[PDB]
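In: An experimental structure, sequence included, is below.
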Amino acid sequence: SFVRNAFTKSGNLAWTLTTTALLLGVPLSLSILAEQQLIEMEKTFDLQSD
Amino acid sequence: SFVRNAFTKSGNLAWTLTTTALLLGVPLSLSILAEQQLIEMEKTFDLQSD
Amino acid sequence: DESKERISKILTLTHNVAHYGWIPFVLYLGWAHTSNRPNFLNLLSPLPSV
Amino acid sequence: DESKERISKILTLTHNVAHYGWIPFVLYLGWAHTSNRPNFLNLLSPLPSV
Amino acid sequence: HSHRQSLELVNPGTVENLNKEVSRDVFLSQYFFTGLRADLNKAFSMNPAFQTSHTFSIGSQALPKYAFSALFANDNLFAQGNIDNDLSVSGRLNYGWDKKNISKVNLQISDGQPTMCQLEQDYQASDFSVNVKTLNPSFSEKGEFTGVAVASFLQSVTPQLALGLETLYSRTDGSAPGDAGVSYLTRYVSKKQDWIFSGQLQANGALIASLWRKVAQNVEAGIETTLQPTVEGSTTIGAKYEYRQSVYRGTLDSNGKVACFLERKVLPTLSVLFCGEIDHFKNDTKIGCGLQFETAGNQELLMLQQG
Amino acid sequence: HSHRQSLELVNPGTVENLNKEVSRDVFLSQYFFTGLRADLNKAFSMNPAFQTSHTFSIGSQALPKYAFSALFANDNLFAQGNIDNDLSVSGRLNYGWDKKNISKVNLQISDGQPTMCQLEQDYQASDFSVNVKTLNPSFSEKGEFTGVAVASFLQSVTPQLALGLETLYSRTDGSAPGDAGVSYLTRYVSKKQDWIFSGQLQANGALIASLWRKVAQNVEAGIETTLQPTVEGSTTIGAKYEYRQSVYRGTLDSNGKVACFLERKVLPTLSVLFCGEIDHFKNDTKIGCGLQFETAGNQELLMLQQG
Amino acid sequence: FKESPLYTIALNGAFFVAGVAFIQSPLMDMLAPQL
Amino acid sequence: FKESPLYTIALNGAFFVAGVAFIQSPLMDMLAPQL
Amino acid sequence: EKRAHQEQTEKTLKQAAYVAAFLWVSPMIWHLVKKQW
Amino acid sequence: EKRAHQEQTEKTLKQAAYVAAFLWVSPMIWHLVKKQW
């Protein structure tokens, strides 16, 4: 059915968007997390010094 | 030449050993490094508390 | 025997009903057991509601 | 012209000599320039000597 | 039998858990995947366990493009449905009539055909464990049994050694007699439980015997050798390193392939897996990273997760 | 020309660096690989730069099984040899006669055939940059030129816009006349240098035009659109995130493929790369991790590396 | 369905223009993380 | 070159025995990290 | 030949029952052996 | 036809030289244009 066709196509597009978002965000999210953790560690090291 | 054959075979075996060592050690080395870094961070956090 | 026919028909009907309503079965058990009782659309989607 | 033949022969001979002795060329420049002058076998192998 | 209860044996592990310490813990057989794969897990409750997992696997032939799976579990009842791409539904239900007796029914269906439907009753006792399963059970007009039925029995002869047998009945169409075979299984546990050895003289002269060792709280290693006209068998050496931040699993096979599986826990919820293998006999490699996201949907669950 | 030197232009970048800000910085075209690959780098000195790199790539068709490469560089002289599996030797030598004038000769050889041998002289001036290269140069008995010769000229018309041309001479065998083409290139730099635009009306009606932007010290993004009977072109969108611990590079192509390239610096020396891509037009993925080990062999170099 | 030879160039130019506008709009600065 | 049918079983058994001995020897405890 | 395959299956089941009894009583036999030596 | 391909190549080179001169003198022309307006 045309309604079924639209359903499957809309689902496949959602899957493609989700997969692309994961692939392009997970490494970026990990990088942001690492940079923020390093910043917090530097702040802690400065607080220790002061 | 038989000497050349031994040379190439001995080189290929060395390459195989090096590749296997890298593949089975790099993740293990990263795990050891992460665990040690966490231990050091916990030690620093305890020193701060005390 | 008659019992064998009864078992066969029971197996067929339970297979047919389960194939369509098993995942709904588990979802209903979950959403009913949880004291929060989140709405169906949020429960299905993979996003945190809190 | 005669100059063209000279250039062609120079190109051929330099290609032939380089194909065999270029990597040795760079290795010699390195090991000579460095004040430490590490031995050839350690220089080639991928292990830290210090 | 009062006088003959003085030995006071311990209940040995069920038949399917015979190789758990090696096959499913110190090896990649079950954890391995290929290509990318993102696994999003949603937790809705803790006391009565409920979860709603998701999967996005691309480039893996074994894995599906998408798979929705909801797992429900409480003190005595465990159920799990799993929708897959192509509307291939899989399901498992476990009900424990008593603390030590549990009946498990698995059901996998693909495009209207219940290909897999096995019902098994597991009975664990003080010293022996017996479980019977029936694969694709049914009945026929001629009245004879149909499908595959397997019954296994394991009894602990001594506290550090358990012996048992596995009986197999298989009938494909029912017109011809159903071939039946018996398999012998042995499980030895060290007095200190430091190392565990298990041997399985499976059917058709197959010998799946393994060994297990716990080097420390972090490191445990084991070996498994398989044998199956001419035999076709492989010997596998494996080790695993578990830490507060990561879980490593390595394995060198007799066929020459070398594999590893690193699971970094970057965050308590998000875990980034790496899974690479090499095939030195043909010099090709199959590598796939992935994801594991565990996000709750309830305030109490999030508070528990953050501590 | 005293009166006409008052404008005081700035020297524009060389022709090959026209797209450096986008093609080689904010895109994966050069950094991408497939399957595993371990890159061990050895540093022997700092003031006169010397290095001895190694490679172990498996599963990548483009990359070789093994590749030894020694790079030597000092204030005015840069050389690099690269042995590869199958004894395929590659080499590059750069000699700077003057601070702004450098002559570069590349030479790649595979199984006794010097397939690639290009000698180029690069001349950078106050306002214009001109470089001429000759691919596979030689001489013939009939006396006419042989091989491919390319000459490019780039002159800064204004401080924020540079225009130029690229002349191409190519002759395959020498019996027939050598086809010659000209390409037009333009480079625009914002007054603040925040964004850089470059356009290249390459030969055969090919249009390779790109844009570059620096969002912040960490984030820079750019776009490149390519065009080549019927045309065959693709538009690429890219971005890159650089931090003290990692370098990220993403890209969404017009063909549908989505790629990323994460380089984590777990240690100052060891860097673990991840490189995954997806092809949504055929729904297949090519992913490969790797390594980058930078270990010195001298006490002074190690002391400098540790700080 | 036309898929004219010029459709490819029109599509590539449209994507280029849209991407340039998106890159140079406030939306890209917003995309860069605050920290 | 024999490659007898029993050679496969002999090789697998030899590897199994060698690996068991290696696992249960001090060498495996040494392989576990001190920290 | 259904006769030979039914007989073989039944004998396999009977031997399985025999070894099942053997394993069920094995703790007792091991106890007796321990007493003997 | 070597005649037509040699002529076309030579004319391409001549046009390249012309645009090279144009680009060499372009700063001067832009300066004059700036003075004009």
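Out: Received the coordinates, thanks. Residues are numbered from 1 along each chain as shown, chains lettered A, B, ... in the order given.
In: quick one: the longest helix seen in chain G near chain F?
Out: The longest helix of chain G (DSSP state H) is helix G:5-24. Yes - interface with chain F: helix G:5-24 contributes G:5, G:8, G:9, G:11, G:12, G:13, G:15, G:16, G:19, G:20, G:23, G:24 (Cβ under 8 Å from any Cβ of the partner chain). Placement of C-beta: from N, CA and C, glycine included.
In: Over to stretch E:272-283?
Out: Yes - using Cβ under 8 Å from any Cβ, stretch E:272-283 reaches chain F at E:274, E:276, E:278, E:283.
In: swap in stretch E:290-298?
Out: No - using Cβ under 8 Å from any Cβ, stretch E:290-298 stays clear of chain F, with a minimum separation of 10.0 Å.
In: Can you name the residues in contact with that stretch?
Out: A:22, A:26, C:34, C:36, C:38, C:42-43, C:46, C:48-50, E:33, E:36-45, E:263, E:268-275, E:302, E:305 (Cβ atoms under 8 Å, 6 or more residues apart in numbering or on different chains).
In: Stretch I:19-36 now?
Out: For stretch I:19-36, contacts defined as Cβ under 8 Å, 6+ apart pick out E:4, E:7, E:9, E:127-128, E:153, E:155-158, E:163-165, E:182.
In: again with stretch E:179-186
Out: The contact list for stretch E:179-186 (Cβ under 8 Å, 6+ apart) reads E:15, E:18, E:152, E:154, E:161-171, E:198-204, I:5, I:9, I:12-13, I:15-16, I:19.
In: So for the chain, the centremost residue is which one?
Out: I went with chain A, as the question did not name one. By Cα atoms, centre = their mean, the mean C-alpha position of chain A lies nearest to residue A:25, the distance being 3.4 Å.
In: which residues in chain I form helices?
Out: Along chain I, the segments classed as helices by DSSP H run I:2-36.
In: Turn the residues of helix G:5-24 next to chain F into CSV, including distance to chain J and neighbour count.
Out: CSV is the format used below for the residues of helix G:5-24 next to chain F (distance: Cβ to the nearest Cβ, whole Å; neighbours: other Cβ atoms under 10 Å in any protein chain shown):
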residue, distance to chain J, neighbour count
G:5, 26, 10
G:8, 28, 17
G:9, 25, 15
G:11, 31, 13
G:12, 27, 19
G:13, 25, 16
G:15, 30, 17
G:16, 26, 20
G:19, 30, 21
G:20, 25, 17
G:23, 28, 20
G:24, 25, 15
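In: Out of those, name the two that are farthest from one another.
Out: G:5 and G:24 (30.0 Å; Cβ to Cβ).
In: which one's the longest helix in chain C?
Out: Under DSSP H, chain C gives helix C:2-33 as its longest helix.
In: which other residues reach whatever helix or strand comes next after that one?
Out: Following helix C:2-33 in sequence order, the next helix or strand is helix C:40-44 (DSSP states H and E). With contacts defined as Cβ under 8 Å, 6+ apart, helix C:40-44 is touched by C:27, C:30, C:31, C:49, E:44, E:52, E:297.
In: again with stretch E:69-76
Out: Contacts to stretch E:69-76, defined as Cβ under 8 Å, 6+ apart, come from residues C:23, C:26-27, C:29-30, C:33, E:48-55, E:78-83, E:95-96.
In: can you pull the buried residues of that stretch?
Out: Going by neighbour count (16 or more other Cβ atoms under 10 Å in any protein chain shown), the buried part of stretch E:69-76 is E:69, E:70, E:71, E:72, E:73.
In: With stretch E:132-145 instead?
Out: For stretch E:132-145, a neighbour-count test (16+ other Cβ under 10 Å) marks E:133, E:134, E:135, E:136, E:137, E:139 as buried.
In: got these as CSV, with distance to residue A:35 and secondary structure columns?
Out: Shown next, in CSV, are those (distance: Cβ to Cβ, whole Å; DSSP: H, G, I helix; E, B strand; the rest coil):
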residue, distance to residue A:35, secondary structure
E:133, 53, strand
E:134, 57, strand
E:135, 53, strand
E:136, 55, strand
E:137, 58, strand
E:139, 65, strand
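In: And the residue of chain C closest to chain F?
Out: Nearest to chain F in chain C, going by Cβ to the nearest Cβ, is residue C:46, at a distance of 19.3 Å.
In: Run a quick neighbour tally on that residue.
Out: Residue C:46: 17 surrounding residues under other Cβ atoms under 10 Å in any protein chain shown.
In: just to revisit the earlier point, run the chain-centre distance for the longest helix of chain G.
Out: Relative to the chain's own centre, helix G:5-24 is displaced by 5 Å; criterion: Cα atoms, centre = their mean, to the nearest Å.
In: before we move on, what about stretch E:249-265?
Out: Distance of stretch E:249-265 from the chain centroid (Cα atoms, centre = their mean) equals 18 Å.
In: Tell me if it is near chain H.
Out: Yes - legend: contact between stretch E:249-265 and chain H by Cβ under 8 Å from any Cβ is shown at residue E:254.
In: Tell me if that stretch is near chain F.
Out: No - shown here: stretch E:249-265 not in contact with chain F (Cβ under 8 Å from any Cβ), separated by at least 9.9 Å.
In: and that stretch, anywhere near chain A?
Out: No - using Cβ under 8 Å from any Cβ, stretch E:249-265 never reaches chain A; the gap is at least 9.5 Å.
In: orientation of the helix or strand containing residue A:47 relative to helix B:2-49 in degrees?
Out: Residue A:47 belongs to helix A:2-49 when assigned by DSSP H and E. Counting by axes from the mean of the first three to the mean of the last three Cα atoms, to 10 degrees, helix A:2-49 lies at 70 degrees to helix B:2-49.
In: now the contacts of stretch E:290-298: which count as buried?
Out: So, by 16+ other Cβ under 10 Å, the buried ones in those are A:22, A:26, C:34, C:38, C:43, C:46, C:49, E:33, E:36-45, E:263, E:269-275.
In: Could you list which of the residues you listed belong to helices?
Out: The members of these that map onto helices under DSSP H are A:22, A:26, C:43.
In: gap between the closest residue to the first one other than its chain neighbours and residue F:200?
Out: Of all residues beyond its chain neighbours, the one nearest residue A:22 is residue E:38 (4.8 Å), with distances taken as Cβ to Cβ, 6 or more residues apart in numbering or on different chains. With distances taken as Cβ to Cβ, to the nearest Å, residue E:38 is found 38 Å from residue F:200.
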